[PDB]
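S.K.: Have a look at this one.
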Amino acid sequence: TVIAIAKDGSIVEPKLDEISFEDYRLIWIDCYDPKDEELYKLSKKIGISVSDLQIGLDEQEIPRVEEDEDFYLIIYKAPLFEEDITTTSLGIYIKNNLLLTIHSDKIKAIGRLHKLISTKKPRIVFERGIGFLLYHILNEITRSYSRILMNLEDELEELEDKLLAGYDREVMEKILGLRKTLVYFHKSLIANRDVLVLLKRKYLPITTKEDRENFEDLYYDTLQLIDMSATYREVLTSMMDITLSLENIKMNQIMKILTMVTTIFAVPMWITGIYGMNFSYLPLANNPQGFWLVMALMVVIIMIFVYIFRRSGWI
Amino acid sequence: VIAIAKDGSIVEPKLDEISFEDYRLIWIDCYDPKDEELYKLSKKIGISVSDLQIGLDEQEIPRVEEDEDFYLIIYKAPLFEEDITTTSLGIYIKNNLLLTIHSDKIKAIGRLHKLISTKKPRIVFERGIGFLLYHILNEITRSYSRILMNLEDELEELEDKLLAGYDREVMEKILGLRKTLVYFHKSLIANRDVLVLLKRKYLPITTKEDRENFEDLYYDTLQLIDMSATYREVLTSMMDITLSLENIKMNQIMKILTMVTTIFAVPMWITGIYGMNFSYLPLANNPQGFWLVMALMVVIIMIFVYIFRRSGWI
Amino acid sequence: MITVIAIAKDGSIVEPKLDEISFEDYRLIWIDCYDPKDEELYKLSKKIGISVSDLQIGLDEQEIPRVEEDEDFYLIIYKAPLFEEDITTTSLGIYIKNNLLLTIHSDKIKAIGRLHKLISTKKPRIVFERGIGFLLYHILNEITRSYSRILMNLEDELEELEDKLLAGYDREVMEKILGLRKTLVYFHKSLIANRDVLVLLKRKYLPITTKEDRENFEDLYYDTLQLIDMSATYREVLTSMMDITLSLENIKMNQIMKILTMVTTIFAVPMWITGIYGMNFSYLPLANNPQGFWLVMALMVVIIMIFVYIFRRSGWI
Amino acid sequence: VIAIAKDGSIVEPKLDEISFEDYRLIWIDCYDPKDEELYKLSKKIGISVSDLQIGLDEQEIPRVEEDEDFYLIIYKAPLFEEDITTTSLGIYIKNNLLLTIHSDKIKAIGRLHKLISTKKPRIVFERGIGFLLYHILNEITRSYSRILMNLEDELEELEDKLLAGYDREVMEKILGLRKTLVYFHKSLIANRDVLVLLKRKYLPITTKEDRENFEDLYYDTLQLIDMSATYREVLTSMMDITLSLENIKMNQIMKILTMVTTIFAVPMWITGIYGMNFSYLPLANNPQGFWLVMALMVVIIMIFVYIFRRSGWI
Amino acid sequence: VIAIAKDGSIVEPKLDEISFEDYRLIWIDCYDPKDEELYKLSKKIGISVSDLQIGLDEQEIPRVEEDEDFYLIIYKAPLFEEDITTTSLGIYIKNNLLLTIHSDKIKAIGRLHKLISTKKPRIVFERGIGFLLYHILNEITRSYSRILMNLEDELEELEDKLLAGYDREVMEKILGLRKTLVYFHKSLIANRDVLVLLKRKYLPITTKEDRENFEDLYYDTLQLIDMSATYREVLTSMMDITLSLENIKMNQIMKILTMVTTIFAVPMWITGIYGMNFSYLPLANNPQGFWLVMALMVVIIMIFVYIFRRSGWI
Ligand SMILES: CCCCCCCCCCCO[C@@H]1O[C@H](CO)[C@@H](O[C@H]2O[C@H](CO)[C@@H](O)[C@H](O)[C@H]2O)[C@H](O)[C@H]1O
Ligand SMILES: CCCCCCCCCCCO[C@@H]1O[C@H](CO)[C@@H](O[C@H]2O[C@H](CO)[C@@H](O)[C@H](O)[C@H]2O)[C@H](O)[C@H]1O
Ligand SMILES: CCCCCCCCCCCO[C@@H]1O[C@H](CO)[C@@H](O[C@H]2O[C@H](CO)[C@@H](O)[C@H](O)[C@H]2O)[C@H](O)[C@H]1O
Ligand SMILES: CCCCCCCCCCCO[C@@H]1O[C@H](CO)[C@@H](O[C@H]2O[C@H](CO)[C@@H](O)[C@H](O)[C@H]2O)[C@H](O)[C@H]1O
Ligand SMILES: CCCCCCCCCCCO[C@@H]1O[C@H](CO)[C@@H](O[C@H]2O[C@H](CO)[C@@H](O)[C@H](O)[C@H]2O)[C@H](O)[C@H]1O
Ligand SMILES: [Mg+2]
Ligand SMILES: [Mg+2]
Ligand SMILES: [Mg+2]
Ligand SMILES: [Mg+2]
Ligand SMILES: [Mg+2]
Ligand SMILES: [Mg+2]
Ligand SMILES: [Mg+2]
Ligand SMILES: [Mg+2]
Ligand SMILES: [Mg+2]
Ligand SMILES: [Mg+2]
Ligand SMILES: [Mg+2]
Ligand SMILES: [Mg+2]
Ligand SMILES: [Mg+2]
Ligand SMILES: [Mg+2]
Ligand SMILES: [Mg+2]
Ligand SMILES: [Mg+2]
Ligand SMILES: [Mg+2]
Ligand SMILES: [Mg+2]
Ligand SMILES: [Mg+2]
Ligand SMILES: [Mg+2]
Ligand SMILES: [Mg+2]
Ligand SMILES: [Mg+2]
Ligand SMILES: [Mg+2]
Ligand SMILES: [Mg+2]
Ligand SMILES: [Mg+2]
Ligand SMILES: [Mg+2]
Ligand SMILES: [Mg+2]
Ligand SMILES: [Mg+2]
Ligand SMILES: [Mg+2]
Ligand SMILES: [Mg+2]
Ligand SMILES: [Mg+2]
Ligand SMILES: [Mg+2]
């Protein structure tokens, strides 16, 4: 009874719908945004409470591993894209030979796994058993984080040449937005890291020594993802610090103007000030040359200061 | 301010202090006791009222002591109380006896109480005193965990308030979140090394399984330290970004000043020369004059305001 | 320099090059394929028996470093530095199945060039007794060397930007610094992934490596580590440089503000004076005085000299 | 300025020069021993004078050294001497001889002495020269631990004068704590690595219970290092907020200057035009002309004063 | 200068040339040989003149070189020479020989040649050549740790010129220190990884004990890298501070401008209204008029000086 519920198992590589846990050497059941009909049917089939199952579907829930008698619950976060809304998701229940991924959102890695089983359905063999299937699901989810990270890098790219042109509100709002997403993703990477730490550290009925080691690889990958995310955080911050350090420079050229105007008419306005004084005997007031004389001395002053300001270089 | 009890030789019975025992293992909770009751405790257990007074020192540091005839474990738990959050407790263990005495209220502990009790009855316990120790510690860990989720939510909430520019309240809120966070880190660190102990050192009070459990709890505490640290980084981030987004303002201001000042500069000089006291002022007696110069100035102005509208000021 | 699509390697006595057409009579072969057209790829895939798509993975230059089982071959993606007009970059990938080690890359790999040309000196001589894992080692090491060289040169250019930095903030040079920075963040991502590949190669028991091989891949790991650390330090130094120029730009606002403030204080009072003495009342004290103008003019200069003194002394001018 | 001895069979006496054989272990303590005290000492114990002279060098950096016939363990201890906190001491052990020799007063050592002098308790050492080493180091490590609380207090006092605006005192206080903590870094990280040597390698001087001890002491020292670092971080952010806050006030200042300047601009122009002469100054001769123009000016000032109140700004 | 031979049989006989048998291990430190002398040595010891030119390149990088009938170790050692420091020093060890050659002064190998020749050094080696490698590398490491303190004295000096704001000499100096510190860092990293080789892999030239001694060395060298980074950031902090102080003084300036601009604004508007050409100026023809207005302006002024006095700008 599809929801979508996709099913995989055994010797050859058959798909299938609800029935017969045996023979079936291993069975991957995937359940997507199921309506309570599906939810309850699936539950009644696999011997897991509809509420237990619902833990998987609560989508803000934190990545972790848990033992419950007769099944293991792993919660891992997976990236979604949705027009600069980029955030996380899913749960996994393994009991006996059953690995169940049940997710309220779309998991692209699950999709990809499905397409990599889509090559010659009767092909692509597995001797490795459940822990390894868990490994792949997890690995793919990781790869996604990788691709997203590349996207961020492209984003950085764009903003990069808009950098040394000083402040722009649009630019910096884009920068800060990047910072935020970056931190969401970081917190999720952390959470996931630690799931992997457990899986690779503990002995568990579900995983072999080969599995366990595989998860360790997966852990070094995941740590790289962390290291980059943190790196690009520092980068962005720096970008902001540069823009602000440019603004603070225009804060310079500007006062250079203001001081140039103020300083270039100072002596002249003193002049006018004195030659507007109500004294009798303003030397040269009754001089017929006086007005033009003064006009001259002023203009010469101004010219001087404009030279002195020319070099040393200001104007 | 009351003691509590659990678990005799079949299943878990309850309560009375001063009862004949023979019990499997017995949990006794104690809260801000009064010197009388405290003494009563001292007698019933066999530890000194002096050794029991340590666990009561609220700033006392997390650690493990090995002394004869009891084990001491000091551990820091979160403390909520209305916008002001902090840290507390201590534990004593001998034989079948586990003793939690705090001078503040440990919500986790209370949770474990309600959880175990769930009247009546439930939750069979086969694993021993190391395991009770565990659950006490696991619930106390999970408290920090949920409070941290709170600080995360409360942290996002200062996001779009911040965008408004420097705000003294917004600030002090941040600064406080930081205070709480540094605090949380210190304690968290300590508790971590304690766990490093119960997972490492082989003891009489812990089994292999117990040890594994303490190890899980170790990795979890580590995770809380990681989280806490991140949050502090993000706080400092907000702080710096607003604080610094002030300087742009301090810029456009100088834009205004420099524009006013430069726009009327010439018109002022003009008006200055034409205020001069010479017998001859060109145009002075010309009845169109005042309007000719008036226009000179008006056009000078317009020209400057034009130089500024474009390229680019305003 | 020059570069060919396909190349080829050693067999039961020593190493010749080859026909495109040979198979089971050679000890181990190294095929190096560069930027194949789909048709050419189809020829290759046809001969070596690795699938088209499987190979095109190798051909995607954005592909991340890793090691893949995929029974009937091992795959290793490893990051190499790119020059391609002074924008330093990263790429490549590698398949080993049977005695065949295929390096295939969409980009140009300097290291593969180096190895290729070095094999010109097999006369005087050289001898390879060590089998595939060791070849792998040699390619991976050669790439590593490439990074190291890029790094040395960079350390050399830093000290050049170092003095330009002291002439005052320059948008060009800031550009260069920012660019080296970007390059080092690229190197970080890449060197990091590369390293963790090395860690697997030296750790996991693999049919294609042997305790000796792994032994090599270890010192390779450590080497990679040292690259990482050195590069981080180059970045830290770059960031230093930027931060210091800009921080030393933002001071000038001081001499500036001091100038504007100093003109403005030096004539403030004398202006007031000339202002009150321009108010036209009936009686203006000293105004009917023949010497009055010189009196006031003098008061004003003195006020000036004073403020100039309070300025010149006590810092400023 | 002194030497201090210890520990016969069954219990610990205090000994004049000299007695050796029977005693299980012996702890000599030389504080700033004078040249004659060092010759007496050196010949007395059997370790070279110039070799005792290194323990007297306070600059000497922590380590574990194996010489022929004895061991040198140099350690860092917090020293005080008037609100400038710092680091010091060395150690030599051969056979049953532990020797703590120091130029600077070492509080933790003084502490061991003044504690041992009680002797009401058992109080018996079964654990040997190794355990003695542990106890001494462990005490030093405690000293650090306590000074860290000192800092928690002082910091939580500075958090208050933080937003109060840049103060030079607040400044050099912060920068003083800073220096100190950098000190605790160098030292503490070196001390840490000694505990790592002592905890790992098999030494004739240390039993296994001994080593285990030194390990827990490793971890404790890791917390000291970590916390010290965090505190540095905090002081740093404090310098950052005050400084970056004092920065922001140039905004309110340029607001004032700009506002004033802009508020009388148009008016000073008016008075400028109306002071030009210029016969036929429009309105010059209307008796109500004056109040006319002055009305105009006042209104204008009002309209800017308003414009500011309205937008931002005031 | 040039060759120094060592350890003939049992005790330490600073030696003569030729011979080279009936020993355990021989150590020869060449100093800045002139081509003829490095020639003599070269043809004596049987290391190709070029193989030695190796150890003579002060700019060459450290590494652990397996040759046949030879082992090369390059290592970076500090130098003082008037506040300008650098790197150095190849080391060539074949069979039982260990050669240490350098173009610059090695105060470490000097401390070694000086510690071995005091009477009898004396001690002993049952430990083989490896342990001498260790003592050498080690000694050098101690040398570094010792310069670290010099930088410490320079920082100590700077700290009180810090709060006075910018000084060109101070600044350029901090910077200089900083970059020196960076050169140091790069070297320390080099050496380190060399030590990771000796500590890491079995070489027939090192025992397990040796290997482990090299590990201790590694850890110490890590503390050096850690000190290096720590103090670099300290320097950066120093700069950033003094700059922030500057950016604060700017405010006292701007406040001064604003206080002057505001002291006379109203009074200049007043002088502006009374300099108008209106035929009626209220109060002009009044003979107390002048001093009326004047006292008005004056009172305005004082009013503003006070209005600045508190809240105080003045
Ligand atoms: C796992 C460690 C690292 C992974 C996570 C890194 C965080 C950044 C996300 C990656 C790339 O960035 C993501 O890409 C999409 C488009 O593909 C962007 O979409 C859009 O976002 C905003 C909103 O309109 C626009 O400013 C932007 O120009 C546009 O491209 C978006 O800004 C961002 O959400
Ligand atoms: C454009 C519409 C209406 C215009 C009105 C009529 C004409 C314009 C105003 C007249 C100005 O009159 C002006 O005064 C004096 C002459 O007395 C001249 O002065 C000039 O000659 C003397 C030499 O003796 C010089 O010292 C002086 O620097 C120079 O400017 C000037 O060239 C003239 O231009
Ligand atoms: C920016 C201000 C420029 C104002 C100065 C203009 C130049 C004046 C020259 C005109 C004719 O010559 C001028 O005659 C008078 C005589 O009373 C001189 O005055 C001189 O002597 C008398 C002595 O009682 C003084 O009051 C005065 O300070 C002095 O300058 C003046 O120095 C000289 O220069
Ligand atoms: C503030 C900056 C610019 C202003 C400066 C120039 C002043 C002139 C402009 C005033 C408007 O226009 C001009 O002024 C006055 C109006 O009061 C008119 O003159 C009138 O003034 C008043 C009326 O209020 C009457 O007493 C008087 O009999 C009448 O002639 C004049 O006919 C007109 O042409
Ligand atoms: C510094 C700012 C301005 C200074 C003001 C000082 C006040 C002086 C007090 C003495 C009274 O002075 C008197 O006041 C009034 C003001 O309404 C003036 O104006 C009054 O008379 C005129 C002329 O007939 C009328 O047009 C006008 O409606 C009336 O108000 C008057 O010309 C002046 O003679
Ligand atoms: Mg259940
Ligand atoms: Mg189970
Ligand atoms: Mg089961
Ligand atoms: Mg099961
Ligand atoms: Mg199961
Ligand atoms: Mg795949
Ligand atoms: Mg594996
Ligand atoms: Mg006038
Ligand atoms: Mg102005
Ligand atoms: Mg002005
Ligand atoms: Mg493939
Ligand atoms: Mg891999
Ligand atoms: Mg693998
Ligand atoms: Mg397979
Ligand atoms: Mg390098
Ligand atoms: Mg970049
Ligand atoms: Mg890349
Ligand atoms: Mg070998
Ligand atoms: Mg080797
Ligand atoms: Mg600055
Ligand atoms: Mg020994
Ligand atoms: Mg001994
Ligand atoms: Mg300092
Ligand atoms: Mg030779
Ligand atoms: Mg040789
Ligand atoms: Mg060589
Ligand atoms: Mg040879
Ligand atoms: Mg020895
Ligand atoms: Mg010092
Ligand atoms: Mg010096
Ligand atoms: Mg060590
Ligand atoms: Mg007049």
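Here chain D follows Swiss-Prot for its numbers: 4-317, in order, are the residues you see.
Even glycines carry a Cβ here, placed using N, Cα and C.
Summarising the annotation, Swiss-Prot assigns site 'Essential for ion permeation' to D:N254. Look at Swiss-Prot and you will find D:259-279, D:291-311 tagged as transmembrane segment. Here Swiss-Prot flags D:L260 as site 'Important for closing the ion permeation pathway in the closed state', drawing on experimental evidence. Swiss-Prot lists D:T261 with the feature site 'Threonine that confers selectivity for Co(2+) transport', giving similarity to another entry as the kind of evidence. The topological domain 'Extracellular' annotation in Swiss-Prot covers D:280-290, and the record cites a curator's inference as its basis. According to Swiss-Prot, the topological domain 'Cytoplasmic' annotation covers D:312-317.
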S.K.: Summarise the topological domain 'Extracellular' (D:280-290) as counts of helix, strand and coil residues per DSSP.
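M.R.: DSSP composition of the topological domain 'Extracellular' (D:280-290): 0 helix, 0 strand, 11 coil.
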S.K.: Which residues, sitting 6 or more apart from D:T261 (site 'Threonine that confers selectivity for Co(2+) transport') on the same chain, put a CB under 8 Å from its CB?
M.R.: none
S.K.: Including all protein chains shown, what's the count of other C-beta atoms within 10 A of the C-beta of D:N254 (site 'Essential for ion permeation')?
M.R.: 18
S.K.: Measuring CB to CB from D:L260 (site 'Important for closing the ion permeation pathway in the closed state'), give everything in the same chain under 8 Å that is also at least six residues away in sequence.
M.R.: none
S.K.: Kindly report the helix/strand/coil residue split of the topological domain 'Cytoplasmic' (D:312-317) according to DSSP, in that order.
M.R.: 2 helix, 0 strand, 4 coil
S.K.: Which of the recorded sites D:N254, D:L260, D:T261 have a Cβ less than 8 Å from any Cβ in chain E?
M.R.: D:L260
S.K.: State the non-local partners of the topological domain 'Cytoplasmic' (D:312-317) in its own chain: residues 6+ outside its ends, Cβ under 8 Å from one of its Cβ atoms.
M.R.: 258, 262
S.K.: Looking only at residues six or more beyond either end of the topological domain 'Extracellular' (D:280-290), which have a C-beta under 8 A from one in the stretch?
M.R.: 296
